[PDB]
Amino acid sequence: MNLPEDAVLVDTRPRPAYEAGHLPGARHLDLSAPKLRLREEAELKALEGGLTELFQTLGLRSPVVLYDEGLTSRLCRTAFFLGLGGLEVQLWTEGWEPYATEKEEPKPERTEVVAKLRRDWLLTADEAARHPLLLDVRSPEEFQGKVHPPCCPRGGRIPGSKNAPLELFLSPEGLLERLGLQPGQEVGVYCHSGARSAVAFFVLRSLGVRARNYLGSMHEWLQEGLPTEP
Ligand SMILES: [Zn+2]
Numbered sequence: 127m128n129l130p131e132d133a134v135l136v137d138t139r140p141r142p143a144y145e146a147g148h149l150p151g152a153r154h155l156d157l158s159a160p161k162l163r164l165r166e167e168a169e170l171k172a173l174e175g176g177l178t179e180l181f182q183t184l185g186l187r188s189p190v191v192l193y194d195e196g197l198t199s200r201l202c203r204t205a206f207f208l209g210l211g212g213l214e215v216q217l218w219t220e221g222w223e224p225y226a227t228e229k230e231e232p233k234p235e236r237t238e239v240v241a242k243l244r245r246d247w248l249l250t251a252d253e254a255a256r257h258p259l260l261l262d263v264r265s266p267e268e269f270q271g272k273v274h275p276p277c278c279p280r281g282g283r284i285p286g287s288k289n290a291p292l293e294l295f296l297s298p299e300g301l302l303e304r305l306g307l308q309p310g311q312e313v314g315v316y317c318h319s320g321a322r323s324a325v326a327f328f329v330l331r332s333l334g335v336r337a338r339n340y341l342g343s344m345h346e347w348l349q350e351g352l353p354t355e356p
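Position 180 of the sequence shown, counted from 1, bears residue number 306 in our numbering, the numbering being contiguous throughout.
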């Protein structure tokens with residue numbers, strides 16, 4: 127993979143791996159999946175302000191190249207938030223390893239970049255509720271409501287959603303065909319709390335699909351008391 131000029135590098139691996147050696151100048155950022163509630167404009171503006179503080183503290187600016195060992199959930203989750211904030215991002219999953227030589231962590235000066243939410247990358251609960259096609263990337267047992275995590279009130283799925291377990295997205299060849307999709311089509315993706323839905327989002331976008339990521343996912347849906355199946 128070729129790199130764009132003057133790129134800022136972000137390493138999404140766990141800290142010990144980062145400290146054992148990272149690309150010169152790369153910042154460490156391995157974001158966990160927050161449980162977000164995005165219903166009011168003020169909540170969307172708070173997510174945005176949080177990304178601004180993050181971007182400035184890490185000295186980020188476009189273009190950003192994020193790297194990790196393979197297409198990991200943390201790489202995708204982290205890259206999704208940076209791109210969601212308006213930064214131009216790219217994922218680098220192989221080929222950077224020979225350059226992971228730096229042990230010292232950079233202490234860049236803050237930048238003054240300001241995040242601006244990219245609404246076409248996102249789905250709020252209300253937008254997801256009106257979406258023509260949502261893909262639930264959890265396991266079939268979760269999709270069928272047979273099991274659920276203890277932080278949620280019951281097992282279930284968003285009504286009308288279709289199950290596309292995450293593992294399917296690791297085999298892009300013929301994926302759209304198998305999922306019954308085509309380039310340009312509007313598709314939403316979700317899971318429990320947006321932890322791994324970004325993997326499906328990036329894979330689908332790379333295939334030309336207008337994918338949108340419902341970060342709130344099942345957890346927000348259930349906390350809101352929205353309609354569910356079974
Ligand atoms: Zn939950």
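Don't be surprised by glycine CBs; every beta carbon is placed ideally from N, CA and C.
Kindly indicate the opening and closing residues of the beta strand (DSSP E) around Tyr316.
By one-based count along the sequence shown, residue 316 stands at place 190. Boundaries of the beta strand (DSSP E) around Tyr316: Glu312 to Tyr316.
Whether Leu186 touches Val134 by CB criterion (8 Å):
Your numbering for residue 186 matches position 60 in the sequence shown. Your numbering for residue 134 matches position 8 in the sequence shown. Going by C-beta atoms, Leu186 is nearer than 8 Å to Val134.
Residue list, Cβ distance to ligand 1 heavy atoms smaller than 7 Å:
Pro275, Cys277, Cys278, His318, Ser319, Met344, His345 and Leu348
At what residue ranges does the stretch 184-236 contain a whole run of the beta strand (DSSP E), taking only runs of 3 or more?
190-193 and 215-218
Using only the alpha-carbon positions, how far apart do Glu303 and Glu231 sit?
Along the sequence shown, one-based indexing puts residue 303 at 177. Along the sequence shown, one-based indexing puts residue 231 at 105. Near 44 Å, if we compare the C-alpha coordinates of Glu231 and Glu303.
Please say whether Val273 and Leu192 have beta carbons closer to each other than 8 Å?
The sequence position of residue 192 within the sequence shown is 66, counting from 1. The sequence position of residue 273 within the sequence shown is 147, counting from 1. Going by C-beta atoms, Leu192 is not nearer than 8 Å to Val273.
Starting from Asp246, trace the beta strand (DSSP E) both ways and give me its first and last residue.
Here the question's residue 246 lines up with position 120 in the sequence shown. Careful: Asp246 lies outside any beta strand (DSSP E) and carries neither H nor E.
Same chain, Cβ closer than 7 Å to residue 106, neighbours up to 5 away in sequence not counted
The structure shown does not extend to residue 106, since the chain spans only 127 to 356, so no value can be given for it.
Just list the residues that DSSP pairs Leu129 with in beta bridges.
Taking the sequence shown and counting its residues from 1, one reaches residue 129 at position 3. Looking at the DSSP assignment, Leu129 forms no beta bridge with any residue, so it has no partner.
If you check the beta carbons only, do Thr138 and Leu162 fall under 8 Å apart?
As a first step, residue 138 is located in the sequence shown; it is residue number 12 there, counting from the start. As a first step, residue 162 is located in the sequence shown; it is residue number 36 there, counting from the start. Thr138 is not a Cβ neighbour of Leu162, given a cutoff of 8 Å.
Contact belief for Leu307 with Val329 at Cβ below 8 Å, rounded distance in angstroms:
As a working note, residue 307 is residue 181 in the sequence shown. As a working note, residue 329 is residue 203 in the sequence shown. The pair is not a contact, with the Cβ atoms about 11 Å apart (cut-off 8 Å).
CB contact flag (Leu157, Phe207, <8 Å):
Translated into the one-based positions of the sequence shown, residue 157 becomes position 31. Translated into the one-based positions of the sequence shown, residue 207 becomes position 81. Yes; because the gap between Cβ atoms is below 8 Å, this pair is in contact.
Can you tell me which of the three DSSP states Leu155 falls into?
Position 29 of the sequence shown holds residue 155. Coil, per DSSP.
If contacts are defined as beta-carbon pairs under 8 Å, then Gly314 and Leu348 qualify, I think. What distance do you get, rounded to the angstrom?
Position 188 of the sequence shown, counted from the start, is the residue given in the question as residue 314. Position 222 of the sequence shown, counted from the start, is the residue given in the question as residue 348. So it is not a contact: roughly 17 Å between Cβ atoms.
Coil, strand or helix - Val134 by DSSP:
Mapped onto the sequence shown, residue 134 falls at position 8. In the structure shown, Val134 sits in a strand (DSSP, three-state: E or B).
Three-state class that DSSP yields for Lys288 in the structure shown:
Along the sequence shown, one-based indexing puts residue 288 at 162. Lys288: strand per DSSP, three-state reduction.
Out of curiosity, what's the CA-to-CA distance linking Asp252 and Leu352?
By 1-based counting over the sequence shown, the position of residue 252 is 126. By 1-based counting over the sequence shown, the position of residue 352 is 226. Using only the alpha carbons, I get a separation of about 10 Å.
By DSSP, does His148 sit in helix, in strand, or in coil?
What you label residue 148 is simply residue 22 of the sequence shown in a count that begins at 1. In this structure, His148 counts as strand in the three-state DSSP scheme.
Taking Cβ to Cβ, would you say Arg283 is nearer than 8 Å to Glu355?
Counted from its first residue, the sequence shown places residue 283 at position 157. Counted from its first residue, the sequence shown places residue 355 at position 229. The answer is yes: Cβ separation under 8 Å.
Leaving out the 5 sequence neighbours to the left and right, which residues in its chain are closer than 6 Å to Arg153 when beta-carbon positions are compared?
Here the question's residue 153 lines up with position 27 in the sequence shown. Within the same chain, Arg153 has close Cβ partners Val136 and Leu184.
Would you kindly check if the distance between the Cβ of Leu333 and the Cβ of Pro298 is under 8 Å?
For the purposes of this step, residue 298 is identified with residue 172 of the sequence shown, where counting begins at 1. For the purposes of this step, residue 333 is identified with residue 207 of the sequence shown, where counting begins at 1. By the CB criterion at 8 Å, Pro298 and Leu333 fall inside the cutoff.
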